[PDB]
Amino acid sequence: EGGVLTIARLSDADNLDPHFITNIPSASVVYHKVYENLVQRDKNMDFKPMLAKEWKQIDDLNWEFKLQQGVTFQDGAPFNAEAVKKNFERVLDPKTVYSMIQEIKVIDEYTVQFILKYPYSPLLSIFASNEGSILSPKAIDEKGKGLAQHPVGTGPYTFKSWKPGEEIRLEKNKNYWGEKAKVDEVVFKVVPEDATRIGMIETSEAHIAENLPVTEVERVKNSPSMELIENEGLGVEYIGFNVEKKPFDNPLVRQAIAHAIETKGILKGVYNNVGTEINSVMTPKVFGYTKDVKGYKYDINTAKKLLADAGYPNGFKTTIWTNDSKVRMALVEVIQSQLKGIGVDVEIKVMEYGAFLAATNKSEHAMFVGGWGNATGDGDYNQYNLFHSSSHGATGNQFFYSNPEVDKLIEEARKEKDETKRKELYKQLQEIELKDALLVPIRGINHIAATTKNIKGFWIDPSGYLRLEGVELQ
């Protein structure tokens, strides 16, 4: 029970304030390490206690939480209802991600109530995300170091130092309320060369190497000094259609293209099997997922027949839009090749991320390469941003899809209290979207890392966050 755990990664954090963190490398540094949440998800994605011992939804708009007693922040401030209220007031407006809260009531020292302006059943998924991290009320009030560069929470690791562009160090919180850390220090070391991060595991300069390129996967698996860590991500990668760009307003054309694409060949040949084969717009770890959705079997004969039926017996010319990435270039080339096989001449339109988002927002694209992080692990964040009519463009609905029945089912699912009824509503939504062939799922995005064989208990959660709970250095 000790030692310095070194994590070699591509980049530094840019901010350690969880109310303003916009990326995975920053969130992984503090999530469940310096900071903790009211609730957390278990292996089965079920909500379990953390800083809240119990919780209940009273009526539709009232959420009550019973708090853990005997908990202290790393600066000595007690953890209580007032600390929770002060934390969520920092992200409140009574008419952000907490735009639904009207008021926070302190019932007693260890009981807090959230009063919503409008119903929002995915509330727990927000409290379990990095944005739900509870800050010290002392760091919020008392004069001192900014939260962006000096985080202070209840977690098993205390912030020790930050050498920007070089390393972040955390040290074991010896006053942690739960199971204390089994390492003395954690170092997030910035090592931009991918080859060097992995090699450092074999020299014992690092224990974990993040951000592995797919071309290094076999080099990791065949090394006797390390293990490949691959966890089931929330993220989805797909070929989407702008349903208002001709001829993709014709569902037969979208269906023909779906029958023309074969994803096992892409997963193996392009991604070296890093990822999950999926047939829905959600991964198995997202609440509301269904394994009973219409998939379009790879069948070139059916694809050709459907295109002819659609009025295109000699195919047509179109475009596929993507951001510039080496792996995304290999992906669109496979798609371009498979669509040529059914007489569809695809021109690749590639540009940097900013220009790609601006063009998709203006509805300039026909086919596009899409991705959605599904960060909260709840169907609402997936469905509202990707398929609701008010999300057209860079918000997520790059399909420019507007089906009043889908809008209604989404708004209904967001407000439904029964989880069984919520699940049925998301299953219906996935049925409509896949039957309408709005997209062709490529893969569930899996997170990969390499670790020394001398590590026990390390994993990456479905959000892509490094998880150090129960980690031991052997």
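We number the residues from 1 along the sequence you see.
In this entry, residue 95 is separated from residue 96 by 4 to 9 residues of the deposited sequence that have no coordinates. Averaged over their C-alpha atoms, the temperature factors of 428-436 and 26-34 are higher for 428-436.
The PDB entry records a higher mean C-alpha B factor for 390-398 than for its counterpart among 207-215 and 390-398. The entry lists C-alpha B-factors for 289, 368, 159, 271, and the highest of these is at 289.
The PDB entry assigns the greatest CA B-factor among 279, 302, 154, 255 to 279. Ranked by Cα temperature factor within the chain, residue 10 sits in the middle third according to the deposited record.
Annotation for residue 132: C-alpha temperature factor in the lowest third relative to the rest of the modelled chain, per the entry. Looking at the C-alpha B-factors along this chain, the one for residue 104 belongs to the highest third.
When the modelled residues of the chain are ordered by their C-alpha B factor, residue 468 lands in the lowest third. In the PDB entry, a CA B factor belonging to the highest third of its chain's modelled residues is recorded for residue 119.
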